[PDB]
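In the form deposited in one PDB entry, a lone chain appears below as structure tokens.
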């Protein structure tokens, strides 16, 4: 049939399909025996229940085993212990103190880019890398062998998330970065300062401390998790504003409007449209029977466009209240994004600085249509933009 999800690149086709599935087949089993959950309430059910819906994907991957410290793949009770330890290092003030540096890097990168440039190469890709590397206390740039998440997301085929060859390909690209970070952890254990690696090595809650393997794996997650998403989100923000360009002047008149724009783009175009769980036992969602030991994909993108959860869900409306709102694009329940305040800060500052310098940007399709990611993330690999105004213009 059509027995696998449509690709991410054709966003309109994907959204239309998700709409039909919410209506007609809200819990769906694909040709790989992977289940998919489309309605907002059911996505929340799945994410809340950690006992039934495990975050350990290795349960269903032949030969695979858990990676110490990879907090997003660990279940309670270990998850709770680990989250406490890392939270005691990665604190609110650790994040808020980054604002001036975030602003400095952003302003300097944009000041040199001219009026026609790739937003991703110039800003959205380097900014989060630079910031989180400095937070961790890593050497200026990682101009080294570890590669690029953007390439992996394109080159490693991820159709069937239970395939062992896939888990291997992921470990193949990640292992060198994790080994590098493990060496940095050992170095900070020898001579700790107050960078985040040192704080992670010195952290201890209820007698639980991280070994270098766990700290390195956690630092790997933190690094990639903060990078991919913040890069994709900033592209999505500029793409979405270019579709509703009255908001550029609104935010220039009152930059206080920017946080709400960031939240609404997160709802509208979530960088991670889906999350994966594995059932630990037979269970039902929406009265649909799901067996034990299978993977379940929760479609946050579909939940966010579900009219049961959001009025006029396909309207981009930064004014929406969803009063006392939680942001499903950062998850739900105990794995809720640890990095959300940093993501919000980086994208606020970036949009502030774009508007301060240029007033607006528009997407440039002079040479080609955009190259969308086809899997995993909802976003584009590059985003050529044009500034119709900048401080370079003269009489």
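Superpose the two forms; the largest set of C-alphas matching within 1.5 Å is the rigid core. Positions refer to the first chain, counted from 1.
Here the subject shifts to the form deposited in another entry, a form of this protein not shown in this document.
> Choose, among 77, 207, 287, 100, the residue with a C-alpha displacement of 2 Å or more between the shown form and the other one when the rigid core is used for superposition.
The listed residue whose C-alpha shifts by at least 2 Å is 207.
> State yes or no: after fitting on the rigid core, is the Cα displacement of residue 370 between the shown form and the other one at least 2 Å?
For residue 370, whose C-alpha is compared between the shown form and the other one after core superposition, the shift is 2 Å or more.
> For residue 319, decide whether the Cα shift between the shown form and the other one is 2 Å or greater, given a superposition on the rigid core.
Moves: no, less than 2 Å.
> So that I can tell if residue 153 moves, could you say whether its C-alpha shifts by at least 2 Å between the shown form and the other one after the core superposition?
It does shift by 2 Å or more.
> Pin down for me whether the residue 332-residue 325 Cα distance shrinks or grows in the other entry relative to this form (closer or farther, change of 3 Å or more).
Compared with the form shown here, the C-alpha atoms of residue 332 and residue 325 sit closer together in the other entry, by 3 Å or more.
> Given a change of 3 Å or more, say if the Cα atoms of residue 149 and residue 327 sit closer or farther in the other entry than in this form.
Farther apart, which means the C-alphas of residue 149 and residue 327 are at least 3 Å more distant in the other entry.
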